[PDB]
Every structure is written in C-alpha cells, then in structure tokens.
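*Asks:* This is the structure I want to talk about, given as structure tokens.
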Amino acid sequence: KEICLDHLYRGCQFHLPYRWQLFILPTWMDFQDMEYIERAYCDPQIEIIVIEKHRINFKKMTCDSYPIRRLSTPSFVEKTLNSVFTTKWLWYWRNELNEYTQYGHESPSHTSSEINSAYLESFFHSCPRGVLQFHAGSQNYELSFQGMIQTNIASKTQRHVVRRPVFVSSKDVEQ
Amino acid sequence: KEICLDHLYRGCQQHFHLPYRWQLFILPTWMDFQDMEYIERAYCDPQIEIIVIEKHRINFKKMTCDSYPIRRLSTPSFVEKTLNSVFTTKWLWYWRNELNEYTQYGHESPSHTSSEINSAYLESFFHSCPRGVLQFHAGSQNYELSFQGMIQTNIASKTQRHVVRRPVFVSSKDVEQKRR
Ligand SMILES: Nc1ncnc2c1ncn2[C@@H]1O[C@H](COP(=O)(O)OP(=O)(O)OP(=O)(O)O)[C@@H](O)[C@H]1O
Ligand SMILES: Nc1ncnc2c1ncn2[C@@H]1O[C@H](COP(=O)(O)OP(=O)(O)OP(=O)(O)O)[C@@H](O)[C@H]1O
C-alpha cells in the first residue's frame, strides 16, 4: 500500500512534482499537457483554462463539470499492522421508521440496495464530490456524498445518509 | 516524515494503542480527548450526534467540541519515501489588494503595508487545521483569515478580501537542473 496526497492533503491510492487528472466514473484519467495546466494554475489570477475545448475551472476544480485533482508526487508507504487497527466505515440511510438501515441490508419493507458500505467507502475515498446512481427494490436513486442524501430519481424524495465506523473495543484489540 | 489519515482521509503529521485517536484543536495544537474508547462507542452509533465527556460537549454532526474542531485519526501509519525536494509542492498564499491584483502574504501592499504571516505560516496552519480561523496583523490593522471561506476580514472595518493558494511553478527543465 503506497499513497500520495492531493491538493487538499487527501490520501490517494511520477517524473513531475504534480499529476493532473479528471474523474470520469469509474476512473481518474491523466490530462495531457500537465506542465501547461500547472503553469496556468501557478498564476493566482487564472481560474479558466481551455485545452482541446475542455474548460478547466480551478475555482470549482472541475473540467467540463467532472471533478479534477492535482496529486503531489511524494509517496508514503503503509506500516505493516494487525488489520484489527484498520477502520471499517459503515454507510446508513434514514428509513421509513426514521431509523438507520445499513446499505445492502433489508429496509422495514424487505427491500435492499446491491451497493454496501465497502462499495460506498471505496467510491467516497476515490471521489468525495461523486454523485452516483444505484438500485434498491424496484426503484432508482442518486447518492450525493457532499449533501449526504439519497434521492429517488422518480418521486424526488430525499433520505439522510450517515457514515460511522465499526466499533472495535480495547478488549477486541487484545483478543 | 510519518503520517496518519483522519476521518476524511486528510494527511496528519503523527502505532497508538487503540485503532482510533480522538483529538480537539486548542490553538495551535491537537490535544488528546480523555475517554477515547467511550467517544468511539458513541460515534459508532449513527443516531448519536451529541455526547458530554467531562467538561466537553462533543458534536459529531459538526465535528466540534465547545466550538473547536475535532478529528479522529485512523492508526495505520504511512512513512514518506525521501525524494529530491524538487518533487515537494510549495504553496503560495495571496490576497486580492485594492488595485484588484494579488499580493503574496508577507509582501508589500500597494499602500506599503505587509502582514507578519507568510505562505509558510499559512500552509502550516492550513495543513494542521483547515477549519481554523487565524488572527494576524498587517500595518496598524488586525485581521481574521478563514480557510473555509478563503477570506481575510479587517476585524474593525469588516472589509473582506479574497484569499488564493496556488503553487510555486516547477517546469520539467527545473526538475532536471535540481538533480545537482
Ligand atoms: N437504500 C435503500 N435500500 C433499501 N430500501 C430502500 C433504500 N432507499 C429506499 N428504500 C425503500 O424504498 C422506500 C422508500 O421510498 P423512496 O426513498 O424510494 O421514495 P418515495 O417512493 O418517494 O417514498 P416512499 O417509498 O416512502 O413512498 C421504502 O420501502 C424504503 O425502505
Ligand atoms: N494581508 C495584508 N497584507 C498587507 N496589507 C494588507 C493586507 N490586507 C489588507 N492590507 C492593506 O490594508 C489597507 C486597508 O485595507 P483593509 O482590507 O484593511 O480594509 P479597510 O481599511 O476597510 O480598507 P478600505 O476602507 O480602503 O476599503 C490596504 O492598503 C491593504 O493593502
């Protein structure tokens, strides 16, 4: 496990000090002309640059409305640890009993998403500004990480999303 | 250089006996909460927003304690592979001046005033505490900088100015020369 940090010190999964990429679900793809993008970015007056008719917006960190990132090159290598010390994040949604159901688990109406906590944490880690589509029972939904809502794409009703860890006690650690 | 990631995958300059470390920011340092296992237990219940730990009202929804930012460090540590410093990004901090141009923090305004604080000072604070509000002096005036709003505000006149953070430009030519 090797990580680098993006422009806001976020942990991410090179011959220049910088790597410019845009997120077209499912992948972060390299820009061509990385040195030219960087030169524009190093000028604080510049918010808009267009290369190949792709409109980059440094204020929103978007290109044609897709998220972009600047990876800093310096790499960090994970220290070998017991997996009991790794945080697992669980994702929940506010159900019709106004209680929390874990994603991939059955609702009070015996409906479940295919997506689960592992799926959502992986996506959230890679792309926090990600809006994504998913199915549950007979319905289609849109999940926004930024708003922490899911929305039925037909009825437009929103439900609240929450992200909290699996509890690991000091007893669990010794065990 | 060894780092941990917080609850939002942010790199933090640092393993610890628990898988989690709960801290609050008392300017200018991150301090350990007492009763970390009890905070974590409450946090792992998604219905819990508010707890009291001794004197402290902790708010998981805002990730604040008595209005100070809090963070949860994940314990897995990452050790930086030492490289040529030409591969490290240097961040410059600017403010929009009265000629509607950018002055670097610590450099002269069009009115011959300068902040004490500079790009190194701001990048260090921003890295440690992005939800930080900072007080600073420039000429005879007192200011507040909000990282979240990317604004400075004269605390007397309430005049706001826009803040921008962009790198020192390093070309592929610069890279080749910097390998002695
Ligand atoms: N992520 C999910 N996983 C499983 N079931 C879900 C999920 N989201 C919603 N549901 C189920 O869908 C129903 C909630 O409806 P939904 O959010 O699709 O909007 P709606 O049709 O406008 O409102 P409602 O279905 O309450 O009349 C409930 O049966 C709920 O349990
Ligand atoms: N970070 C800074 N570093 C140096 N000088 C600064 C800085 N911020 C503001 N100044 C200077 O302070 C002077 C007054 O601007 P300031 O933002 O303090 O608000 P102000 O007194 O309300 O100004 P005005 O009334 O002219 O709008 C200007 O010359 C400006 O260049």
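Residue numbering restarts at 1 for every chain of the structure tokens, chains are lettered A, B, ... in their displayed order, and ligands are numbered from 1 as they appear.
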Do you know which residues are at most 12 Å from residue 83 of chain A counting only C-alpha atoms, after dropping those on the same chain fewer than 6 positions away, and could you put them as a PyMOL selection string?
*Replies:* (chain A and resi 168+172-173) or (chain B and resi 19+74-76)
*Asks:* Mind listing the residues within 10 Å of ligand 2, only C-alpha atoms and all ligand atoms counted, as number ranges by chain?
*Replies:* B: 93-99, 103-118, 136-145, 152-163
*Asks:* Could you take the residues named above and write them with N, CA and C atoms, as a compact mmCIF listing (two decimals), in the first residue's frame?
*Replies:*
```txt
# COMPACT_ATOMS: atom_id res chain seq x y z
N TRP B 93 0.44 31.75 -0.78
CA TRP B 93 -0.85 32.33 -0.33
C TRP B 93 -0.89 33.80 -0.72
N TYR B 94 -1.96 34.21 -1.36
CA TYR B 94 -2.15 35.59 -1.85
C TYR B 94 -3.49 36.13 -1.34
N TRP B 95 -3.59 37.46 -1.33
CA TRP B 95 -4.84 38.19 -1.03
C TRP B 95 -5.05 39.24 -2.12
N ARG B 96 -6.31 39.48 -2.47
CA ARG B 96 -6.70 40.43 -3.54
C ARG B 96 -6.61 41.85 -2.98
N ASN B 97 -5.69 42.67 -3.50
CA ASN B 97 -5.38 44.03 -2.99
C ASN B 97 -6.29 45.08 -3.65
N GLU B 98 -6.11 46.35 -3.26
CA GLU B 98 -7.00 47.49 -3.62
C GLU B 98 -6.81 47.85 -5.09
N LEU B 99 -5.73 47.40 -5.74
CA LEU B 99 -5.56 47.53 -7.22
C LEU B 99 -6.16 46.30 -7.91
N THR B 103 -1.32 40.19 -4.03
CA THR B 103 -0.10 40.33 -3.21
C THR B 103 0.07 39.03 -2.41
N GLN B 104 1.28 38.48 -2.42
CA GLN B 104 1.67 37.35 -1.57
C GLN B 104 1.68 37.80 -0.10
N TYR B 105 1.19 36.96 0.80
CA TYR B 105 1.20 37.22 2.26
C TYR B 105 2.67 37.42 2.69
N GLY B 106 2.91 38.48 3.47
CA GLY B 106 4.24 38.88 3.94
C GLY B 106 4.90 39.86 2.97
N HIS B 107 4.30 40.14 1.81
CA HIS B 107 4.84 41.11 0.81
C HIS B 107 4.07 42.43 0.90
N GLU B 108 4.66 43.50 0.37
CA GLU B 108 4.13 44.89 0.42
C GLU B 108 2.84 45.02 -0.39
N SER B 109 1.79 45.55 0.22
CA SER B 109 0.57 46.04 -0.46
C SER B 109 0.89 47.28 -1.29
N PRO B 110 -0.01 47.68 -2.22
CA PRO B 110 0.09 49.00 -2.86
C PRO B 110 0.16 50.20 -1.90
N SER B 111 -0.21 50.05 -0.62
CA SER B 111 -0.13 51.09 0.44
C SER B 111 1.10 50.88 1.35
N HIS B 112 2.07 50.08 0.93
CA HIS B 112 3.36 49.88 1.65
C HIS B 112 3.11 49.23 3.02
N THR B 113 2.09 48.38 3.14
CA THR B 113 1.83 47.56 4.36
C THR B 113 2.11 46.09 4.03
N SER B 114 2.57 45.32 5.01
CA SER B 114 2.80 43.87 4.89
C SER B 114 2.29 43.16 6.15
N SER B 115 1.77 41.95 5.97
CA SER B 115 1.45 41.02 7.08
C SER B 115 2.77 40.51 7.65
N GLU B 116 2.76 40.09 8.91
CA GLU B 116 3.89 39.33 9.50
C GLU B 116 3.83 37.92 8.89
N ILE B 117 2.64 37.31 8.92
CA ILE B 117 2.41 35.94 8.38
C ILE B 117 2.81 35.88 6.90
N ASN B 118 3.29 34.71 6.48
CA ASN B 118 3.73 34.44 5.10
C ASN B 118 3.14 33.09 4.66
N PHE B 136 -4.28 37.80 12.55
CA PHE B 136 -2.96 38.31 12.12
C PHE B 136 -3.00 39.82 12.01
N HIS B 137 -1.82 40.42 12.06
CA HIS B 137 -1.55 41.88 11.94
C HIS B 137 -1.00 42.19 10.55
N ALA B 138 -1.34 43.35 10.01
CA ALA B 138 -0.73 43.93 8.80
C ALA B 138 -0.85 45.44 8.95
N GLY B 139 0.23 46.18 8.67
CA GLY B 139 0.39 47.59 9.08
C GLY B 139 -0.10 47.76 10.50
N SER B 140 -1.09 48.63 10.70
CA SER B 140 -1.64 49.02 12.03
C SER B 140 -2.96 48.29 12.32
N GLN B 141 -3.31 47.29 11.51
CA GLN B 141 -4.67 46.69 11.48
C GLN B 141 -4.62 45.23 11.95
N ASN B 142 -5.76 44.72 12.42
CA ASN B 142 -5.96 43.31 12.85
C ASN B 142 -6.95 42.64 11.91
N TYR B 143 -6.66 41.40 11.52
CA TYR B 143 -7.42 40.64 10.51
C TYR B 143 -7.76 39.26 11.05
N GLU B 144 -8.81 38.67 10.49
CA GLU B 144 -9.14 37.24 10.67
C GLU B 144 -9.10 36.58 9.31
N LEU B 145 -8.38 35.46 9.20
CA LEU B 145 -8.40 34.62 7.99
C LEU B 145 -9.19 33.34 8.27
N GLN B 152 -9.91 37.01 4.10
CA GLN B 152 -9.44 37.78 5.27
C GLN B 152 -10.45 38.90 5.51
N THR B 153 -10.61 39.29 6.78
CA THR B 153 -11.55 40.34 7.22
C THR B 153 -10.82 41.25 8.22
N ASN B 154 -10.73 42.55 7.93
CA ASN B 154 -10.33 43.57 8.93
C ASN B 154 -11.35 43.50 10.07
N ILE B 155 -10.93 43.22 11.30
CA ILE B 155 -11.87 42.99 12.44
C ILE B 155 -12.53 44.32 12.86
N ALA B 156 -11.94 45.47 12.53
CA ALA B 156 -12.52 46.82 12.79
C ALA B 156 -13.55 47.14 11.70
N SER B 157 -13.09 47.34 10.46
CA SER B 157 -13.90 47.88 9.33
C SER B 157 -14.80 46.80 8.73
N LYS B 158 -14.49 45.51 8.95
CA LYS B 158 -15.28 44.35 8.44
C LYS B 158 -15.08 44.15 6.93
N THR B 159 -14.25 44.97 6.28
CA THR B 159 -13.83 44.80 4.86
C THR B 159 -13.25 43.39 4.64
N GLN B 160 -13.81 42.62 3.71
CA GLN B 160 -13.31 41.28 3.29
C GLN B 160 -12.41 41.42 2.06
N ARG B 161 -11.39 40.57 1.96
CA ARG B 161 -10.59 40.38 0.72
C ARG B 161 -10.47 38.88 0.44
N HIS B 162 -10.47 38.52 -0.84
CA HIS B 162 -10.37 37.13 -1.33
C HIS B 162 -8.94 36.61 -1.13
N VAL B 163 -8.83 35.36 -0.66
CA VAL B 163 -7.55 34.62 -0.48
C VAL B 163 -7.44 33.52 -1.54
```
*Asks:* Rounded to one decimal in Å, what is the spacing between atom CA of residue 143 of chain A and atom CA of residue 69 of chain B?
*Replies:* 26.6 Å
*Asks:* Counting only C-alpha atoms, what is within 9 Å of residue 15 of chain A, bar same-chain residues fewer than 3 positions away, as a PyMOL selection string?
*Replies:* (chain A and resi 18+73) or (chain B and resi 87+172+175)
*Asks:* Store the residues picked out above in a file with N, CA and C atoms, as a tab-separated table (two decimals), in the first residue's frame.
*Replies:*
```tsv
chain	number	residue	atom	x	y	z
A	18	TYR	N	3.89	17.03	-9.91
A	18	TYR	CA	2.42	17.14	-9.98
A	18	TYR	C	1.88	16.16	-11.02
A	73	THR	N	3.51	14.36	-5.88
A	73	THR	CA	4.30	13.15	-6.23
A	73	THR	C	4.79	12.39	-5.01
B	87	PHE	N	10.44	17.64	-5.83
B	87	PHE	CA	9.21	16.84	-6.01
B	87	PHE	C	8.17	17.20	-4.94
B	172	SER	N	9.63	20.94	-16.06
B	172	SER	CA	10.37	19.66	-16.23
B	172	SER	C	11.87	19.98	-16.39
B	175	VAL	N	13.19	20.52	-12.95
B	175	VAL	CA	13.35	19.18	-12.32
B	175	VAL	C	14.74	18.63	-12.65
```
*Asks:* Which chain B residues have any atom within 6 Å of an atom of chain A, and for each, what is the nearest pair of atoms with distance in Å to one decimal, counting only C-alpha atoms, rows sorted by chain and number, as a tab-separated table?
*Replies:*
```
residue	atom	partner	partner_atom	distance
B:9	CA	A:11	CA	5.3
B:10	CA	A:10	CA	4.5
B:11	CA	A:9	CA	5.4
B:19	CA	A:85	CA	4.3
B:44	CA	A:165	CA	5.3
B:77	CA	A:79	CA	5.5
B:78	CA	A:78	CA	4.2
B:79	CA	A:76	CA	5.1
B:80	CA	A:76	CA	4.1
B:81	CA	A:75	CA	5.8
B:87	CA	A:17	CA	4.2
B:166	CA	A:42	CA	5.3
B:167	CA	A:42	CA	5.1
B:169	CA	A:42	CA	5.6
```
*Asks:* Around ligand 1, at most 8 Å away and counting only C-alpha atoms and all ligand atoms, which residues are there? Put them as a PyMOL selection string, please.
*Replies:* chain A and resi 93+95-96+101+103-113+135-137+139-141+150-152+154-159
*Asks:* Once you have the residues from the selection above, write them out as an mmCIF file, in the first residue's frame, restricted to N, CA and C atoms.
*Replies:*
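Contents of result.cif, freshly written:
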```cif
data_model
loop_
_atom_site.group_PDB
_atom_site.id
_atom_site.type_symbol
_atom_site.label_atom_id
_atom_site.label_comp_id
_atom_site.auth_asym_id
_atom_site.auth_seq_id
_atom_site.Cartn_x
_atom_site.Cartn_y
_atom_site.Cartn_z
ATOM 1 N N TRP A 93 -28.703 4.804 5.781
ATOM 2 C CA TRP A 93 -29.734 5.726 5.244
ATOM 3 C C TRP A 93 -30.944 5.734 6.182
ATOM 4 N N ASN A 95 -34.538 5.403 7.184
ATOM 5 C CA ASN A 95 -35.643 4.568 6.632
ATOM 6 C C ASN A 95 -37.000 5.141 7.063
ATOM 7 N N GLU A 96 -38.089 4.489 6.649
ATOM 8 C CA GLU A 96 -39.496 4.947 6.814
ATOM 9 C C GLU A 96 -39.911 4.868 8.289
ATOM 10 N N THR A 101 -30.878 2.112 8.441
ATOM 11 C CA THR A 101 -30.552 0.815 7.799
ATOM 12 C C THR A 101 -29.183 0.936 7.134
ATOM 13 N N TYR A 103 -26.522 0.223 4.275
ATOM 14 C CA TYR A 103 -26.623 -0.002 2.809
ATOM 15 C C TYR A 103 -26.317 -1.479 2.524
ATOM 16 N N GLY A 104 -27.154 -2.102 1.703
ATOM 17 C CA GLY A 104 -27.076 -3.537 1.374
ATOM 18 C C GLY A 104 -27.895 -4.388 2.325
ATOM 19 N N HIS A 105 -28.454 -3.812 3.390
ATOM 20 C CA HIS A 105 -29.306 -4.549 4.362
ATOM 21 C C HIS A 105 -30.774 -4.237 4.065
ATOM 22 N N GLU A 106 -31.663 -5.117 4.522
ATOM 23 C CA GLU A 106 -33.119 -5.012 4.255
ATOM 24 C C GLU A 106 -33.717 -3.850 5.046
ATOM 25 N N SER A 107 -34.463 -3.001 4.341
ATOM 26 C CA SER A 107 -35.359 -1.954 4.881
ATOM 27 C C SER A 107 -36.493 -2.579 5.686
ATOM 28 N N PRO A 108 -37.254 -1.770 6.461
ATOM 29 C CA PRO A 108 -38.514 -2.232 7.047
ATOM 30 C C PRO A 108 -39.533 -2.830 6.058
ATOM 31 N N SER A 109 -39.414 -2.554 4.751
ATOM 32 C CA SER A 109 -40.280 -3.104 3.668
ATOM 33 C C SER A 109 -39.601 -4.266 2.926
ATOM 34 N N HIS A 110 -38.545 -4.852 3.490
ATOM 35 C CA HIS A 110 -37.832 -6.035 2.941
ATOM 36 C C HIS A 110 -37.224 -5.714 1.567
ATOM 37 N N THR A 111 -36.779 -4.474 1.342
ATOM 38 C CA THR A 111 -36.008 -4.057 0.139
ATOM 39 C C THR A 111 -34.556 -3.784 0.546
ATOM 40 N N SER A 112 -33.612 -4.037 -0.361
ATOM 41 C CA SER A 112 -32.162 -3.817 -0.137
ATOM 42 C C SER A 112 -31.522 -3.254 -1.410
ATOM 43 N N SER A 113 -30.527 -2.386 -1.244
ATOM 44 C CA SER A 113 -29.612 -1.944 -2.323
ATOM 45 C C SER A 113 -28.666 -3.107 -2.650
ATOM 46 N N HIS A 135 -29.667 1.118 -7.476
ATOM 47 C CA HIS A 135 -30.989 0.458 -7.446
ATOM 48 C C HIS A 135 -31.216 -0.141 -6.051
ATOM 49 N N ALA A 136 -32.463 -0.111 -5.573
ATOM 50 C CA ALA A 136 -32.928 -0.779 -4.338
ATOM 51 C C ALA A 136 -34.418 -1.079 -4.519
ATOM 52 N N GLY A 137 -34.864 -2.272 -4.124
ATOM 53 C CA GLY A 137 -36.149 -2.844 -4.567
ATOM 54 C C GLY A 137 -36.356 -2.595 -6.051
ATOM 55 N N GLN A 139 -36.717 0.528 -7.391
ATOM 56 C CA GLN A 139 -36.537 1.998 -7.511
ATOM 57 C C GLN A 139 -35.087 2.333 -7.885
ATOM 58 N N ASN A 140 -34.878 3.500 -8.501
ATOM 59 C CA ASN A 140 -33.549 4.061 -8.852
ATOM 60 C C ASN A 140 -33.289 5.318 -8.015
ATOM 61 N N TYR A 141 -32.053 5.462 -7.539
ATOM 62 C CA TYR A 141 -31.651 6.523 -6.580
ATOM 63 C C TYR A 141 -30.387 7.210 -7.082
ATOM 64 N N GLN A 150 -29.541 10.435 -0.286
ATOM 65 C CA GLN A 150 -30.006 9.655 -1.459
ATOM 66 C C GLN A 150 -31.360 10.234 -1.882
ATOM 67 N N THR A 151 -31.627 10.242 -3.183
ATOM 68 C CA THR A 151 -32.870 10.793 -3.786
ATOM 69 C C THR A 151 -33.436 9.767 -4.769
ATOM 70 N N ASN A 152 -34.669 9.315 -4.545
ATOM 71 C CA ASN A 152 -35.451 8.550 -5.553
ATOM 72 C C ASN A 152 -35.567 9.445 -6.791
ATOM 73 N N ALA A 154 -37.366 9.232 -9.433
ATOM 74 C CA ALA A 154 -38.774 9.412 -9.877
ATOM 75 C C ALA A 154 -39.471 10.421 -8.955
ATOM 76 N N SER A 155 -39.684 10.052 -7.688
ATOM 77 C CA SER A 155 -40.508 10.797 -6.703
ATOM 78 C C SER A 155 -39.752 12.015 -6.143
ATOM 79 N N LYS A 156 -38.418 12.044 -6.233
ATOM 80 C CA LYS A 156 -37.560 13.170 -5.760
ATOM 81 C C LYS A 156 -37.466 13.218 -4.226
ATOM 82 N N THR A 157 -38.104 12.294 -3.499
ATOM 83 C CA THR A 157 -37.989 12.228 -2.017
ATOM 84 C C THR A 157 -36.527 11.911 -1.659
ATOM 85 N N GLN A 158 -35.977 12.702 -0.731
ATOM 86 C CA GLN A 158 -34.611 12.564 -0.167
ATOM 87 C C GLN A 158 -34.641 11.748 1.132
ATOM 88 N N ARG A 159 -33.579 10.982 1.405
ATOM 89 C CA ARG A 159 -33.323 10.328 2.720
ATOM 90 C C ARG A 159 -31.871 10.621 3.141
#
```
*Asks:* Could you go through segment 83-132 of chain B and tell me which residues DSSP, when run on the backbone, assigns to alpha helix (DSSP H), listing them as JSON, numbers by chain?
*Replies:* {"B": [119, 120, 121, 122, 123, 124, 125, 126, 127, 128]}
*Asks:* Please write the residues from the selection above to a file, keeping N, CA, C and O atoms, as a PDB file, in the first residue's frame.
*Replies:*
```
ATOM      1  N   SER B 119       3.425  32.705   3.433  1.00  0.00           N
ATOM      2  CA  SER B 119       2.951  31.449   2.795  1.00  0.00           C
ATOM      3  C   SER B 119       3.293  30.222   3.646  1.00  0.00           C
ATOM      4  O   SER B 119       2.410  29.360   3.815  1.00  0.00           O
ATOM      5  N   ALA B 120       4.502  30.154   4.210  1.00  0.00           N
ATOM      6  CA  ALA B 120       4.923  29.022   5.062  1.00  0.00           C
ATOM      7  C   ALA B 120       4.025  28.972   6.296  1.00  0.00           C
ATOM      8  O   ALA B 120       3.541  27.870   6.665  1.00  0.00           O
ATOM      9  N   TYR B 121       3.833  30.117   6.953  1.00  0.00           N
ATOM     10  CA  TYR B 121       2.964  30.232   8.151  1.00  0.00           C
ATOM     11  C   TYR B 121       1.557  29.732   7.809  1.00  0.00           C
ATOM     12  O   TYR B 121       1.037  28.834   8.505  1.00  0.00           O
ATOM     13  N   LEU B 122       0.961  30.231   6.720  1.00  0.00           N
ATOM     14  CA  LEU B 122      -0.430  29.855   6.348  1.00  0.00           C
ATOM     15  C   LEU B 122      -0.525  28.388   5.919  1.00  0.00           C
ATOM     16  O   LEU B 122      -1.519  27.727   6.325  1.00  0.00           O
ATOM     17  N   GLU B 123       0.412  27.894   5.105  1.00  0.00           N
ATOM     18  CA  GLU B 123       0.360  26.480   4.643  1.00  0.00           C
ATOM     19  C   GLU B 123       0.442  25.531   5.857  1.00  0.00           C
ATOM     20  O   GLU B 123      -0.325  24.562   5.906  1.00  0.00           O
ATOM     21  N   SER B 124       1.317  25.813   6.810  1.00  0.00           N
ATOM     22  CA  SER B 124       1.479  25.009   8.051  1.00  0.00           C
ATOM     23  C   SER B 124       0.161  24.938   8.833  1.00  0.00           C
ATOM     24  O   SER B 124      -0.281  23.817   9.177  1.00  0.00           O
ATOM     25  N   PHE B 125      -0.460  26.093   9.074  1.00  0.00           N
ATOM     26  CA  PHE B 125      -1.762  26.195   9.772  1.00  0.00           C
ATOM     27  C   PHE B 125      -2.847  25.482   8.955  1.00  0.00           C
ATOM     28  O   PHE B 125      -3.622  24.680   9.518  1.00  0.00           O
ATOM     29  N   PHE B 126      -2.922  25.744   7.655  1.00  0.00           N
ATOM     30  CA  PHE B 126      -3.954  25.127   6.789  1.00  0.00           C
ATOM     31  C   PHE B 126      -3.826  23.599   6.851  1.00  0.00           C
ATOM     32  O   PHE B 126      -4.866  22.902   6.961  1.00  0.00           O
ATOM     33  N   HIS B 127      -2.602  23.086   6.747  1.00  0.00           N
ATOM     34  CA  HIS B 127      -2.333  21.629   6.769  1.00  0.00           C
ATOM     35  C   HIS B 127      -2.853  21.026   8.087  1.00  0.00           C
ATOM     36  O   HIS B 127      -3.622  20.037   8.048  1.00  0.00           O
ATOM     37  N   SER B 128      -2.468  21.611   9.220  1.00  0.00           N
ATOM     38  CA  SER B 128      -2.867  21.129  10.566  1.00  0.00           C
ATOM     39  C   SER B 128      -4.391  21.267  10.774  1.00  0.00           C
ATOM     40  O   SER B 128      -5.015  20.307  11.273  1.00  0.00           O
TER      41      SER B 128
END
```
*Asks:* For residue 144 of chain A, find every residue with an atom within 7 Å (counting only C-alpha atoms), except residues of its own chain fewer than 3 positions away, and show them as a VMD selection string.
*Replies:* chain A and resid 130 to 132 147 to 150
*Asks:* Just write the chosen residues, N, CA, C and O atoms, as an mmCIF file, in the first residue's frame.
*Replies:*
```
data_model
loop_
_atom_site.group_PDB
_atom_site.id
_atom_site.type_symbol
_atom_site.label_atom_id
_atom_site.label_comp_id
_atom_site.auth_asym_id
_atom_site.auth_seq_id
_atom_site.Cartn_x
_atom_site.Cartn_y
_atom_site.Cartn_z
ATOM 1 N N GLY A 130 -18.276 12.955 -5.919
ATOM 2 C CA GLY A 130 -19.061 11.915 -6.611
ATOM 3 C C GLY A 130 -20.540 11.946 -6.263
ATOM 4 O O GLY A 130 -20.894 11.963 -5.057
ATOM 5 N N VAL A 131 -21.365 12.042 -7.307
ATOM 6 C CA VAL A 131 -22.816 11.724 -7.307
ATOM 7 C C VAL A 131 -22.936 10.418 -8.090
ATOM 8 O O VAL A 131 -22.223 10.282 -9.092
ATOM 9 N N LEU A 132 -23.710 9.457 -7.591
ATOM 10 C CA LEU A 132 -23.733 8.083 -8.152
ATOM 11 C C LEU A 132 -25.167 7.573 -8.175
ATOM 12 O O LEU A 132 -25.987 8.003 -7.339
ATOM 13 N N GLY A 147 -23.888 16.292 -0.181
ATOM 14 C CA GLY A 147 -25.156 16.553 0.539
ATOM 15 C C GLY A 147 -25.501 15.470 1.555
ATOM 16 O O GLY A 147 -26.398 15.707 2.380
ATOM 17 N N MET A 148 -24.836 14.306 1.496
ATOM 18 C CA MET A 148 -25.129 13.111 2.347
ATOM 19 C C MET A 148 -26.635 12.827 2.291
ATOM 20 O O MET A 148 -27.297 12.652 3.347
ATOM 21 N N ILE A 149 -27.145 12.745 1.059
ATOM 22 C CA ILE A 149 -28.556 12.377 0.749
ATOM 23 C C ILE A 149 -28.549 11.306 -0.345
ATOM 24 O O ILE A 149 -27.679 11.339 -1.257
ATOM 25 N N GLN A 150 -29.541 10.435 -0.286
ATOM 26 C CA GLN A 150 -30.006 9.655 -1.459
ATOM 27 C C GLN A 150 -31.360 10.234 -1.882
ATOM 28 O O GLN A 150 -32.132 10.680 -1.001
#
```
